[PDB]
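Have a look below at one chain only, the form deposited in one PDB entry, in structure tokens format.
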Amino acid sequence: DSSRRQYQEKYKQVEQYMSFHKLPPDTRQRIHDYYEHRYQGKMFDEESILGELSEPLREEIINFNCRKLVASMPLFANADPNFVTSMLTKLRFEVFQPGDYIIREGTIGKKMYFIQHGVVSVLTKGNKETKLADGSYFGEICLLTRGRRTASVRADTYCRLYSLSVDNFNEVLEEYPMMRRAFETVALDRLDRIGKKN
């Protein structure tokens, strides 16, 4: 109940932020609904709490939190738990509201994404390529080629995603060189379909 109060006080603080900056009506609605979807009536200082815990405890916890995502994904469910735990500890939780652009085509990608829950459209030049949903990942291509985004990725629904930076991706694959190929197969496949060796 102090974490429900936390959320309430922090929301009243947001309300005032929005009044002061005279934020427009679509963005106040969006912010209101973002708070409810992500935090759900409670707030915690996750990284403070987790900060006070031991390494193995942070890793039981994150292994539990991403339990279903792990199982969704042959890359994880079939891998050495030490590697999954390595990658998992580097993921950042992000929520996106419907219609949001996650990745914009032709930008410099420094980030990759795994879908816990949601549907995503992959788009090039305003044209639908496929959709991706729970147990898919995207944005891997730029982590490997180290160049420009080959497609746009828009949230079609609310989306619970975990992001993984380019530096964190390489640190893990240095430690687990055998895992690199699996990403490469997927990114070659996708590069075939959209017709690129740029």
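Heads up: residue numbers just count along the shown sequence, starting at 1. Take the two forms, superpose them, and find the largest set of C-alpha atoms that agree within 1.5 Å; that set is the rigid core.
Although it is not shown, the form deposited in another entry is what the next lines describe.
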Which residue of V153, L161, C66, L143 is the mover here, meaning its C-alpha shifts by 2 Å or more between the shown form and the other one once both are aligned on the rigid core?
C66
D33 C-alpha shift between the shown form and the other one of 2 Å or more, rigid core reference
no
Comparing between the shown form and the other one on the rigid core, is the C-alpha shift at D134 2 Å or larger?
no
Did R104 shift 2 Å or more between the shown form and the other one, C-alpha, core superposed
no
